[PDB]
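Participant: Sharing a structure here in structure tokens format.
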Amino acid sequence: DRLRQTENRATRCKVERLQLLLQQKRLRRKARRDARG
Amino acid sequence: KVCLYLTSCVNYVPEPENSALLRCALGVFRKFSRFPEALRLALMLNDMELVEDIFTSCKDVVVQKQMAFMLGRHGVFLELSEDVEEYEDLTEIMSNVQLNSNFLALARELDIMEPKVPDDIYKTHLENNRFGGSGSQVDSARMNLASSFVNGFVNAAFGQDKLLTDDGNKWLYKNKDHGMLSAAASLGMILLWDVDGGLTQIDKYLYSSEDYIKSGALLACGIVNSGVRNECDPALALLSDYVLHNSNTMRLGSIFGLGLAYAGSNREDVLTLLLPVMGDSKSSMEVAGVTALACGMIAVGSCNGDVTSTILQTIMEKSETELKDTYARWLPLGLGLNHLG
């Protein structure tokens, strides 16, 4: 139960970081298209 | 004839390239000469697409199928020092990523189709329990998994059934561990190609108290990335930590996301990631089989090291037995898949 709590906390901080990076890349992509149109 | 392929497919090559300058009707029909001749001609499509630079649009049509329509391949082969004209758009096309896929499918499914699809294909039999007396006789605990797969099957392209898989959620903690695994892939196979939005819908299951639900959420993360090369590598970055997690069943399935999301490319990092289970002489045969089914077709190429690992791991437990076809179910399938095609 302790191992799984440390594991799920490590996974969380990995997912929360990936979601931020995906959102930042998605915003950069969109900004290029919206500037071409 | 075989030797006549080896000259006719290379005799196609200079005709629309040297004489004509159509330079896009050839590359759609020059993947015939990818495999029978050599890998050099298989990459000279990328080479003479690189060295041809007449404006931008017509070559963009050529790389629109090198996107992900037959094989990405050179989808990480262009950038050198921001040298290729419109590099950033060519990479967004060949990666299949978001507005070149999800947007389109969304732009059809909201505007030409019905985005509800609430399992009515398995609810169109409204006239069958009145047929032949009465009903309510089947009490087997196998219809639930099949109905779960059916309703998670037709809800592709942003038909997210939140608070509808609660029967699946209660069946996660009840019975059918195989079915508990196969039900957690529903949300993954419901946001196919939505890499940016799909992770946020799967996240809620990655912290589950059930290994079946958590494994099915890892498989869902793999499924969402299938055929889409995202710059953030969210499949590799989430599945890596689970590949060597325990010796039991949860050991078995944990590789499979890397077996699916990274099967059309060739990178060494996932290969040496998935190699130690394949090369430790572990005697649990189904774990070895599913790892072989991943690792023998991560790269459908000419990787000799994976070939030697597969054959050694086979001759590591198959020899001293006279038993069933499970021995040949997955590992020689992967050894065939190494150079198949």
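Labeling convention for the structure tokens: chains A, B, ... as they appear, residues from 1 per chain, ligands from 1 in order of appearance.
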Select from segment 208-309 of chain B everything DSSP, run on the backbone, classes as helix (DSSP H, G or I), then give the selection as a ChimeraX atom specification.

Facilitator: /B:211-224,234-242,249-253,256-261,268-278,285-295,304-309

Participant: Could you list the residues in chain A lying within 8 Å of chain B, using only C-alpha atoms, and format the result as an MDAnalysis selection string?

Facilitator: chainID A and resid 8 11 14:15 18:19 21:23 26

Participant: Restricted to N, CA, C and O atoms, what would the selected residues look like written as an mmCIF file, in the first residue's frame?

Facilitator:
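The new file selection33.cif reads:
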```
data_model
loop_
_atom_site.group_PDB
_atom_site.id
_atom_site.type_symbol
_atom_site.label_atom_id
_atom_site.label_comp_id
_atom_site.auth_asym_id
_atom_site.auth_seq_id
_atom_site.Cartn_x
_atom_site.Cartn_y
_atom_site.Cartn_z
ATOM 1 N N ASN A 8 2.052 5.710 -7.480
ATOM 2 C CA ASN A 8 0.981 6.578 -7.977
ATOM 3 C C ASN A 8 1.328 8.072 -7.849
ATOM 4 O O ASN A 8 0.936 8.858 -8.708
ATOM 5 N N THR A 11 3.934 8.611 -10.791
ATOM 6 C CA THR A 11 3.099 8.617 -12.006
ATOM 7 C C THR A 11 2.369 9.947 -12.152
ATOM 8 O O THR A 11 2.439 10.564 -13.210
ATOM 9 N N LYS A 14 4.509 12.805 -13.208
ATOM 10 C CA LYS A 14 4.879 12.538 -14.609
ATOM 11 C C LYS A 14 3.749 12.934 -15.572
ATOM 12 O O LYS A 14 4.013 13.632 -16.547
ATOM 13 N N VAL A 15 2.501 12.566 -15.264
ATOM 14 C CA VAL A 15 1.305 12.916 -16.055
ATOM 15 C C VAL A 15 1.028 14.420 -16.022
ATOM 16 O O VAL A 15 0.874 15.019 -17.083
ATOM 17 N N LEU A 18 3.514 15.992 -18.303
ATOM 18 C CA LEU A 18 3.225 15.659 -19.705
ATOM 19 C C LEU A 18 2.035 16.461 -20.247
ATOM 20 O O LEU A 18 2.136 17.010 -21.339
ATOM 21 N N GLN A 19 0.953 16.594 -19.476
ATOM 22 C CA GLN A 19 -0.218 17.397 -19.846
ATOM 23 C C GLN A 19 0.161 18.867 -20.098
ATOM 24 O O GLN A 19 -0.227 19.429 -21.121
ATOM 25 N N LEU A 21 3.230 20.012 -21.000
ATOM 26 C CA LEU A 21 4.061 20.026 -22.213
ATOM 27 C C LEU A 21 3.228 19.847 -23.493
ATOM 28 O O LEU A 21 3.427 20.585 -24.459
ATOM 29 N N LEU A 22 2.266 18.919 -23.490
ATOM 30 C CA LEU A 22 1.318 18.713 -24.590
ATOM 31 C C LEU A 22 0.493 19.984 -24.846
ATOM 32 O O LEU A 22 0.439 20.464 -25.978
ATOM 33 N N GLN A 23 -0.065 20.600 -23.797
ATOM 34 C CA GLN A 23 -0.814 21.854 -23.913
ATOM 35 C C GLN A 23 0.048 22.992 -24.484
ATOM 36 O O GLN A 23 -0.403 23.719 -25.371
ATOM 37 N N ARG A 26 0.661 22.143 -28.282
ATOM 38 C CA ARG A 26 -0.632 22.385 -28.954
ATOM 39 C C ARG A 26 -0.898 23.874 -29.182
ATOM 40 O O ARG A 26 -1.318 24.262 -30.273
#
```

Participant: If we count only C-alpha atoms and set the cut-off at 7 Å, which residues sit around segment 303-309 of chain B, ignoring sequence neighbours fewer than 6 positions away in its own chain? Please answer as number ranges by chain.

Facilitator: B: 278-279, 296, 335

Participant: Taking only C-alpha atoms into account, which of B:18, B:100, B:46, B:124 comes nearest residue 29 of chain A?

Facilitator: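 Comparing B:18, B:100, B:46, B:124 against residue 29 of chain A, the winner is B:100.
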
Participant: Set the distance at 9 Å and use only C-alpha atoms: which residues neighbour segment 101-104 of chain B once local chain neighbours fewer than 5 positions away are removed? I'd like the list as a PyMOL selection string.

Facilitator: chain B and resi 96+109+157-158+192-194

Participant: Given only C-alpha atoms as the basis, pick out the residue of B:174, B:130, B:245, B:23 nearest to residue 7 of chain A.

Facilitator: B:245

Participant: What's the separation between atom CA of residue 221 of chain B and atom CA of residue 204 of chain B, in Å to one decimal place?

Facilitator: 12.1 Å

Participant: For atom CA of residue 53 of chain B and atom CA of residue 8 of chain B, determine how far apart the two atoms are, in Å to one decimal place.

Facilitator: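 Spanning atom CA of residue 53 of chain B to atom CA of residue 8 of chain B is a straight-line distance of 27.0 Å.
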
Participant: My list of candidates is B:110, B:36, B:62, B:150. Which is closest to residue 90 of chain B when distances are computed with only C-alpha atoms?

Facilitator: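 Of B:110, B:36, B:62, B:150, the one nearest residue 90 of chain B, counting only C-alpha atoms, is B:62.
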
Participant: Given the choices B:39, B:298, B:80, B:181, which gets closest to residue 250 of chain B if the distance is worked out from only C-alpha atoms?

Facilitator: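 Among the listed residues, B:181 lies closest to residue 250 of chain B.
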
Participant: Please compute the atom CA of residue 179 of chain B-atom CA of residue 5 of chain A distance, one decimal, in Å.

Facilitator: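 Computed distance, atom CA of residue 179 of chain B to atom CA of residue 5 of chain A, equals 25.3 Å.
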